[PDB]
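What follows is a short report on a single structure.
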Amino acid sequence: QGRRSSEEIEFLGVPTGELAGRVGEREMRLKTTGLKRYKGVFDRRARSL
Amino acid sequence: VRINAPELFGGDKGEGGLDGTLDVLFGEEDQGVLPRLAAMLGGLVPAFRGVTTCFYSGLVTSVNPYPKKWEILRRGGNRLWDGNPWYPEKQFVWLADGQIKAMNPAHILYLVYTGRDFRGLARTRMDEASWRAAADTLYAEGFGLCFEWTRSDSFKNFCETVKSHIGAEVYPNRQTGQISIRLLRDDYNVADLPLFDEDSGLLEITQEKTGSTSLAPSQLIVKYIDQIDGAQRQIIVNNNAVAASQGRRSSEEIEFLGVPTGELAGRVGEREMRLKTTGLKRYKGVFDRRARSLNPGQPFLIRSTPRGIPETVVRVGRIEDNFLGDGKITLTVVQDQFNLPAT
Amino acid sequence: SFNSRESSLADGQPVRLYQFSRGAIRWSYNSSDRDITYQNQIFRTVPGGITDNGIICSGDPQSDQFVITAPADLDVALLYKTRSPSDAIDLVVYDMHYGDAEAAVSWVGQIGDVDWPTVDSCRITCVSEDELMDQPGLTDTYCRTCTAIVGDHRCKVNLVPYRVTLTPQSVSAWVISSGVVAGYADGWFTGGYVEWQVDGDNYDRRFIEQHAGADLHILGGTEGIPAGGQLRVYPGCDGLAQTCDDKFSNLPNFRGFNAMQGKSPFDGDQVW
Amino acid sequence: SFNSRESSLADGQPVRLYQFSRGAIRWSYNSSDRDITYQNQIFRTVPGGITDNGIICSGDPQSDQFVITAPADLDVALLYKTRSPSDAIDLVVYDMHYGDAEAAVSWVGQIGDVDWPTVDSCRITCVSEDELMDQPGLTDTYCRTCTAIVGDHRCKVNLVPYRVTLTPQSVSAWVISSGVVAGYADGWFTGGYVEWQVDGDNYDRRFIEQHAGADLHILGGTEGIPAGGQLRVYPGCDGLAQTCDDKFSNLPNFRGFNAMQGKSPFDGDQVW
Amino acid sequence: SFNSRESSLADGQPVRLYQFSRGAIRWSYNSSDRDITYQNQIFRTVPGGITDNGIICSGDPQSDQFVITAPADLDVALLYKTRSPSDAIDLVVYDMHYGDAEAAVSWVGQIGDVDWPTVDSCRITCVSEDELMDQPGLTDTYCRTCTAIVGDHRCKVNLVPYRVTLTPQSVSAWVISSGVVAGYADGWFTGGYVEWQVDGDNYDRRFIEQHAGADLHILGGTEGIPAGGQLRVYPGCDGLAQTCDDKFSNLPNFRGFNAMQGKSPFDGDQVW
Ligand SMILES: [Fe+3]
Ligand SMILES: [Fe+3]
Ligand SMILES: [Fe+3]
């Protein structure tokens, strides 16, 4: 990144800092890993999903 | 700083006062650790670099153990810009015999865009000429503002507030790619502006938007904050001509909390009144490639004899061009009625 | 017979009439191919026809607009081409059947917006009185200034004695100059407006940015001002109590609050 | 002649050029059926053609996107198929007419999103720098921790001495193991990132969930990591003042507030 | 074989079955042209066919509706024509292939809305249990009254002893009169409801606006009330503590707060 960027997320339900960090690592990995999204078309074989 | 007010609240016979010693650490790049603070607090005491901090020690109150809330006035703007101020000769605007040290809004926008602590965009991405011209014009007009950051909202909201306060457009130039700023002022020559005609690069004009005059307000209330005391103040702008025609009174309230002086608020309120009661004509024209070099906020002339529209000055709005495929370049324009009076 | 014709299954001959009125001047148009005389009023036939899109009454002013389509040469709409008239053009719509002298009123309103999408057509958006209820209604502030437009029903100041009738000396793009006003102190006319007769009993009004010596600054330019026409100019009130009483002696009606209190609460921290 | 050709009524030969650049690597494409040489750069011709939808500049970043359509085998877009490259692919669009050596810059931006709706096509959504202004700008909290990413312009800590160059011993689905890091205390590398050269002067970066002994946990999996390629690994700062000074001796630049105050107001109820 | 038939490329014979159930009464319909027997249940064939629009599961109750199209003479939908039944009609949708005795459950829900756009068709909007989560969940107020509907799980009051079975004397448009209730004090039945058997083990309930002498006022009119049918009428609780204990002696379960405090804070200004 050329310039610093920051966002604020509130997890007021979290009672301990370690738990908040555990979930924050998940959020960071999700938001910076570059997910690939697909919109597929399926026949009846995908009926039970 | 030696603050001497032991008897501010009546002393012993009253509620006490304010007597003590105040030490201020603004947080310079090379700011060192204060021995007194670390010695008193102890432990691992950092230098508290990068943030303004103060250390007070002394009497706060007496008789009752309930200290009172404080209010501190503080000016800023120079200690920002990290280490390299930009065009400092026009950074600040002086008002009310130097009482109010207002800052140029152009500097605010430049800091927000290029500030390492805010966005950290490369200084090379900004068109220096346009920003310098805007700053010079604003300083000449003596148009300064004061703001405080506690909303914690997106840059877009604050930038939009600043633009509305000053009446300017910030867009990324399509050609050179840098950020350009254009002020909405009547500072143009009629001749040099490009002209567009049915035979000169105009395809079709569809929308007319004749508008109406019986509607629109007759009285406008502007609310502003005076930075000397921070007390809410308001001014009243009236439209006698429209007021006479109006059968019943109408009023609207607009807040310009960024304005530090009543005269400046009235200056902008006159502009708003003129814009909202002059009956702008809006056009949605269709142009060929001749309108390729236009950018948002750029005024230009349009003529169409069959429609009975004489040479008119309009300012560009929304742009939607199609260079490949349909070949349709469609522009939305508004009549030029933006101007900020100096009195 | 209008209701009977509407209920009739074979005599349906709909014809919609429009009446644009501005004070003493009325414009009459009809959607048929021939002129119609109704209530001693003849409605012109527009080459190309005049038609609307329908009437909606859903209780939402933003959505219940009325749209009129007509050629670009329509006389009533031509006024909006250069500048919107100061007064609102009231519009009344009648419905009648050919061969019958009875008509029913359908829509009543005023012009909301006008545009010319094509050289061969023009679209007019008409708004009803219900849309005027979207603006705020506070209209009250505890500030030092008067908070009242000079001459309003609250100031109760008669401007007729202050009326000045004059013929402008020279008219420029943004400045109208006259020597008669040169005899007044600078800023005497600041905040006032200029009204002059356009046609019949209707006048167009323009506000004044500033007055200095013999030159008057007109907001939005001087376009549309006749160079030799008679002009009526009224003064303007700054709103300060000293200004209100010294000039107009209307202090008893002064609506401002000069020195009652700026911040002083009765639940603060320290009175001294 | 570009402007003259645009104004010309009979010489219109539009051709749009795209330039995708990532540091020292550039990809050149053209929408015509033959290669075009411009500024000593030749633009390849894509079998099937490359075309866009138009340029919109309305001031709304969410609405002013630029869309590119190209086959699914496009080289530049193929990179996004497995994982998005760490660096952003800057895109510059030129406009020129066949037979003329002059071109005009039209659009500048970076890749925003890429998708492959059909096997025979791919849609690329390009975003401008204006969209980066929607995120907040607070970036300030009065908490105990440092509140600064190790190595940023605020920490002012040089990580080059701490750089470690190594060849991984074994690579698994989620864990990369190396014996050299086994000599460091547990958690030494926690919070750091691994960077390695992909092509030219561009490196791909991956953060580390945790470091324990000889095994390193990679966030999001180890896919795309070469099994024998050279890897550069940097440490990570926990953010605690003790951690900041004992390990890096950067306490003077410590941006955190360990023990200044947690709640103490000066307008509370009872000090004791 | 249902799954095998679905995977089969040549035996696809889709047939959708609908089962509308209300307690002890079930309505069975099929989309084919002949009746289908499944689990000892035969599904009628509707002349004109019954078809839906599809199943959506996006997590948004407002958007994930299920639409059914059927003729206007459908028996199950005919009930809603005059008044919505008191109980909700649960709907279960099965899927099976002709010639196979196995079916799979696809959708489960209840009737949400019914309308008759055309004389030859009817549209039914079915909602899932997820839509019942949009209403608030506070359900708590510190007021004087009981804040509990008589007979709910919180009041714990048995209404079976108070049940009164009677045959109405005369039925009018808005008033149902009976002499038996004339022997009770005015307002005894106020707040109660009347339930009577419609079909099988299902009853329709109606609330009572007011009770006065021998005349009972029914909210929303008395339409649908049989003139000679047997009716069960229950009393109603005003909610006042005196009313709760004197009549029902349920004061220990009184959920209201009569005289604990109306405003008294412990951080006010002056206690006296
Ligand atoms: Fe006055
Ligand atoms: Fe650090
Ligand atoms: Fe009860």
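By order of appearance in the structure tokens: chains A, B, ..., then residues from 1 within every chain, and ligands from 1 in the order shown.
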
Near chain E, meaning an atom within 12 Å, which residues of chain A appear when counting only C-alpha atoms? Write them as a VMD selection string.
chain A and resid 43 to 49

Writer output for current selection, N, CA and C atoms, as a compact mmCIF listing (two decimals), in the first residue's frame:
# COMPACT_ATOMS: atom_id res chain seq x y z
N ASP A 43 -27.82 -28.34 -12.75
CA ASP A 43 -29.01 -29.14 -13.01
C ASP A 43 -29.49 -29.74 -11.69
N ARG A 44 -30.38 -30.74 -11.75
CA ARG A 44 -30.98 -31.29 -10.55
C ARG A 44 -29.97 -31.91 -9.59
N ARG A 45 -28.75 -32.20 -10.05
CA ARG A 45 -27.77 -32.82 -9.17
C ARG A 45 -27.46 -31.97 -7.95
N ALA A 46 -27.69 -30.66 -8.02
CA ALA A 46 -27.49 -29.76 -6.89
C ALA A 46 -28.78 -29.47 -6.14
N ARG A 47 -29.70 -30.44 -6.11
CA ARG A 47 -31.00 -30.22 -5.49
C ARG A 47 -30.94 -30.25 -3.97
N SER A 48 -30.07 -31.07 -3.39
CA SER A 48 -30.05 -31.29 -1.95
C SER A 48 -29.19 -30.28 -1.20
N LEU A 49 -28.55 -29.35 -1.89
CA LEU A 49 -27.68 -28.39 -1.22
C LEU A 49 -28.51 -27.40 -0.39

Distance limit 7 Å, atoms considered: only C-alpha atoms. Which chain D residues sit that close to chain B? Return them as number ranges by chain.
D: 6-7, 54-59, 105-108, 133-138, 251-255, 266-267, 269

Go ahead and write the selection's residues with N, CA and C atoms as a short mmCIF file (atom, residue, chain, number, x, y, z; two decimals), in the first residue's frame.
data_model
loop_
_atom_site.label_atom_id
_atom_site.label_comp_id
_atom_site.auth_asym_id
_atom_site.auth_seq_id
_atom_site.Cartn_x
_atom_site.Cartn_y
_atom_site.Cartn_z
N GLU D 6 -10.38 13.67 -35.21
CA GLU D 6 -11.65 13.61 -34.48
C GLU D 6 -12.65 14.60 -35.05
N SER D 7 -12.20 15.82 -35.36
CA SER D 7 -13.08 16.80 -35.99
C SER D 7 -13.37 16.46 -37.45
N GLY D 54 -17.87 2.00 -22.03
CA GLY D 54 -17.92 3.44 -22.00
C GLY D 54 -17.32 3.99 -20.72
N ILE D 55 -17.08 5.30 -20.75
CA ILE D 55 -16.47 6.03 -19.64
C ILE D 55 -17.52 6.94 -19.04
N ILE D 56 -17.70 6.85 -17.72
CA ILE D 56 -18.65 7.67 -16.98
C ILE D 56 -17.89 8.45 -15.92
N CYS D 57 -18.10 9.76 -15.88
CA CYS D 57 -17.50 10.64 -14.87
C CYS D 57 -18.63 11.48 -14.27
N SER D 58 -19.30 10.92 -13.26
CA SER D 58 -20.41 11.58 -12.60
C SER D 58 -20.09 12.00 -11.17
N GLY D 59 -18.86 11.79 -10.71
CA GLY D 59 -18.49 12.13 -9.36
C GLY D 59 -18.83 11.08 -8.32
N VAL D 105 -4.54 10.19 -23.92
CA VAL D 105 -4.89 9.40 -22.74
C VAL D 105 -6.33 9.70 -22.36
N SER D 106 -7.11 8.64 -22.14
CA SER D 106 -8.53 8.77 -21.82
C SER D 106 -8.85 8.37 -20.39
N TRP D 107 -8.46 7.17 -19.97
CA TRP D 107 -8.79 6.66 -18.65
C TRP D 107 -7.54 6.13 -17.96
N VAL D 108 -7.46 6.35 -16.65
CA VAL D 108 -6.37 5.85 -15.82
C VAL D 108 -6.97 5.26 -14.56
N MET D 133 -11.85 6.65 -1.34
CA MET D 133 -12.21 7.66 -0.36
C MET D 133 -13.46 7.29 0.43
N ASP D 134 -14.00 6.09 0.24
CA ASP D 134 -15.19 5.66 0.95
C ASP D 134 -14.89 5.08 2.33
N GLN D 135 -13.69 4.54 2.53
CA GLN D 135 -13.34 3.98 3.82
C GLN D 135 -13.17 5.09 4.86
N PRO D 136 -13.36 4.78 6.15
CA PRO D 136 -13.21 5.81 7.18
C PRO D 136 -11.83 6.43 7.21
N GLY D 137 -11.65 7.46 8.03
CA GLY D 137 -10.37 8.13 8.16
C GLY D 137 -10.00 8.43 9.60
N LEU D 138 -10.68 7.78 10.54
CA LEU D 138 -10.39 8.00 11.95
C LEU D 138 -8.94 7.62 12.27
N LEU D 251 10.95 2.05 21.74
CA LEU D 251 10.03 2.65 22.71
C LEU D 251 9.79 4.13 22.47
N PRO D 252 10.80 4.95 22.13
CA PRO D 252 10.52 6.37 21.90
C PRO D 252 9.45 6.61 20.85
N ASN D 253 9.37 5.75 19.84
CA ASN D 253 8.34 5.86 18.81
C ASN D 253 7.08 5.08 19.15
N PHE D 254 7.02 4.45 20.32
CA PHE D 254 5.83 3.71 20.72
C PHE D 254 4.61 4.61 20.66
N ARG D 255 3.64 4.24 19.83
CA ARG D 255 2.43 5.03 19.63
C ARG D 255 1.32 4.66 20.61
N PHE D 266 -12.23 13.99 34.92
CA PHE D 266 -12.16 15.11 35.85
C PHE D 266 -13.54 15.70 36.12
N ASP D 267 -14.60 14.99 35.74
CA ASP D 267 -15.98 15.39 36.01
C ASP D 267 -16.80 14.18 36.43
N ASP D 269 -17.87 11.35 39.78
CA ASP D 269 -18.73 11.42 40.97
C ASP D 269 -17.91 11.46 42.25
#

Polymer residues at most 8 Å from region 32-41 of chain A, only C-alpha atoms, same-chain spacing of 3 or more positions, as a list in words:
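Skipping anything fewer than 3 positions along the chain leaves residues 28 and 29 of chain A; 81, 83, 84, 115, 117 and 220 of chain D.
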
Which residues are near ligand 2 - at most 12 Å, using only C-alpha atoms and all ligand atoms? Format: as a count of residues only.
39

Find the residues in chain A near chain B: any atom within 7 Å counts, using only C-alpha atoms. Write them as a VMD selection string.
chain A and resid 2 to 5

Contacts of residue 216 (chain E) at 10 Å or less, counting only C-alpha atoms, minus same-chain residues fewer than 2 places along, as a PyMOL selection string?
chain E and resi 171+174-178+181-182+187+189-190+208-214+218-219

Would you list the contacts of residue 260 (chain B) as a ChimeraX atom specification, taking every protein, DNA or RNA residue within 6 Å and counting only C-alpha atoms, but skipping same-chain residues closer than 3 positions in sequence?
/B:225-227

Please produce a file of the residues just selected, as a tab-separated table (two decimals), in the first residue's frame, where the atoms kept are N, CA, C and O atoms.
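Wrote it out as out22.tsv, contents follow:
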chain	number	residue	atom	x	y	z
B	225	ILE	N	-21.34	28.99	13.51
B	225	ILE	CA	-20.70	28.94	14.82
B	225	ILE	C	-19.56	29.95	14.84
B	225	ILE	O	-18.71	29.95	13.94
B	226	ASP	N	-19.55	30.81	15.85
B	226	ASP	CA	-18.49	31.78	16.04
B	226	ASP	C	-17.37	31.13	16.84
B	226	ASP	O	-17.59	30.65	17.96
B	227	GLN	N	-16.16	31.13	16.27
B	227	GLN	CA	-15.04	30.43	16.90
B	227	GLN	C	-14.46	31.19	18.08
B	227	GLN	O	-13.71	30.60	18.87

Near-region 13-21 of chain E list (8 Å; only C-alpha atoms; drop same-chain fewer than 5 positions) as an MDAnalysis selection string:
chainID E and resid 26:32 43 76 89:98

Output N, CA, C and O atoms for every residue in that selection, as an mmCIF file, in the first residue's frame.
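For reference, part_33.cif as written:
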data_model
loop_
_atom_site.group_PDB
_atom_site.id
_atom_site.type_symbol
_atom_site.label_atom_id
_atom_site.label_comp_id
_atom_site.auth_asym_id
_atom_site.auth_seq_id
_atom_site.Cartn_x
_atom_site.Cartn_y
_atom_site.Cartn_z
ATOM 1 N N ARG E 26 -57.407 -31.749 5.661
ATOM 2 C CA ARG E 26 -56.315 -31.683 4.701
ATOM 3 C C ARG E 26 -56.877 -31.540 3.294
ATOM 4 O O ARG E 26 -57.881 -32.171 2.949
ATOM 5 N N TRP E 27 -56.224 -30.709 2.487
ATOM 6 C CA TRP E 27 -56.566 -30.527 1.082
ATOM 7 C C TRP E 27 -55.366 -30.918 0.235
ATOM 8 O O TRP E 27 -54.258 -30.416 0.453
ATOM 9 N N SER E 28 -55.587 -31.807 -0.729
ATOM 10 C CA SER E 28 -54.520 -32.366 -1.549
ATOM 11 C C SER E 28 -54.743 -31.994 -3.006
ATOM 12 O O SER E 28 -55.824 -32.233 -3.553
ATOM 13 N N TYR E 29 -53.717 -31.418 -3.630
ATOM 14 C CA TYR E 29 -53.769 -31.006 -5.024
ATOM 15 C C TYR E 29 -52.483 -31.413 -5.726
ATOM 16 O O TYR E 29 -51.423 -31.521 -5.103
ATOM 17 N N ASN E 30 -52.586 -31.633 -7.035
ATOM 18 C CA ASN E 30 -51.450 -32.014 -7.862
ATOM 19 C C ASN E 30 -51.463 -31.196 -9.145
ATOM 20 O O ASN E 30 -52.515 -30.744 -9.602
ATOM 21 N N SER E 31 -50.278 -31.015 -9.726
ATOM 22 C CA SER E 31 -50.127 -30.208 -10.928
ATOM 23 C C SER E 31 -50.296 -31.003 -12.217
ATOM 24 O O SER E 31 -50.288 -30.405 -13.297
ATOM 25 N N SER E 32 -50.446 -32.323 -12.136
ATOM 26 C CA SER E 32 -50.583 -33.140 -13.331
ATOM 27 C C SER E 32 -52.031 -33.133 -13.815
ATOM 28 O O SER E 32 -52.902 -32.460 -13.258
ATOM 29 N N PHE E 43 -54.470 -37.043 -4.600
ATOM 30 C CA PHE E 43 -54.413 -35.614 -4.873
ATOM 31 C C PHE E 43 -55.315 -35.304 -6.061
ATOM 32 O O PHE E 43 -55.159 -35.897 -7.134
ATOM 33 N N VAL E 76 -59.507 -24.635 -1.282
ATOM 34 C CA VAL E 76 -58.752 -24.150 -0.129
ATOM 35 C C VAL E 76 -58.675 -22.630 -0.141
ATOM 36 O O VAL E 76 -58.806 -21.977 0.902
ATOM 37 N N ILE E 89 -53.107 -21.802 7.577
ATOM 38 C CA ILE E 89 -53.158 -23.017 6.773
ATOM 39 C C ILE E 89 -51.719 -23.417 6.464
ATOM 40 O O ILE E 89 -51.066 -22.824 5.605
ATOM 41 N N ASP E 90 -51.223 -24.429 7.168
ATOM 42 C CA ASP E 90 -49.896 -24.950 6.878
ATOM 43 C C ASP E 90 -49.881 -25.602 5.500
ATOM 44 O O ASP E 90 -50.838 -26.270 5.100
ATOM 45 N N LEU E 91 -48.786 -25.400 4.772
ATOM 46 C CA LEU E 91 -48.623 -25.943 3.430
ATOM 47 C C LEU E 91 -47.322 -26.727 3.368
ATOM 48 O O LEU E 91 -46.277 -26.238 3.809
ATOM 49 N N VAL E 92 -47.391 -27.939 2.823
ATOM 50 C CA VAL E 92 -46.223 -28.786 2.615
ATOM 51 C C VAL E 92 -46.196 -29.189 1.148
ATOM 52 O O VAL E 92 -47.223 -29.596 0.595
ATOM 53 N N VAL E 93 -45.028 -29.075 0.522
ATOM 54 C CA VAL E 93 -44.855 -29.350 -0.899
ATOM 55 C C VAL E 93 -43.971 -30.580 -1.052
ATOM 56 O O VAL E 93 -42.875 -30.641 -0.482
ATOM 57 N N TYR E 94 -44.449 -31.554 -1.820
ATOM 58 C CA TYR E 94 -43.708 -32.764 -2.131
ATOM 59 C C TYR E 94 -43.320 -32.770 -3.604
ATOM 60 O O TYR E 94 -43.928 -32.088 -4.434
ATOM 61 N N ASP E 95 -42.290 -33.552 -3.919
ATOM 62 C CA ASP E 95 -41.842 -33.749 -5.292
ATOM 63 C C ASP E 95 -41.735 -35.240 -5.560
ATOM 64 O O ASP E 95 -41.116 -35.969 -4.779
ATOM 65 N N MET E 96 -42.335 -35.691 -6.659
ATOM 66 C CA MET E 96 -42.283 -37.097 -7.024
ATOM 67 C C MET E 96 -42.374 -37.222 -8.537
ATOM 68 O O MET E 96 -42.806 -36.301 -9.233
ATOM 69 N N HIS E 97 -41.961 -38.383 -9.033
ATOM 70 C CA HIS E 97 -41.992 -38.698 -10.453
ATOM 71 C C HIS E 97 -43.046 -39.765 -10.710
ATOM 72 O O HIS E 97 -43.177 -40.721 -9.938
ATOM 73 N N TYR E 98 -43.798 -39.597 -11.794
ATOM 74 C CA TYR E 98 -44.872 -40.529 -12.107
ATOM 75 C C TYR E 98 -44.329 -41.947 -12.207
ATOM 76 O O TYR E 98 -43.277 -42.183 -12.807
#

Every residue of region 117-265 of chain B that DSSP places in strand (DSSP E or B), as a ChimeraX atom specification
/B:126,145,154,168-172,179-183,195-197,202-207,219-225,232-238,251-255
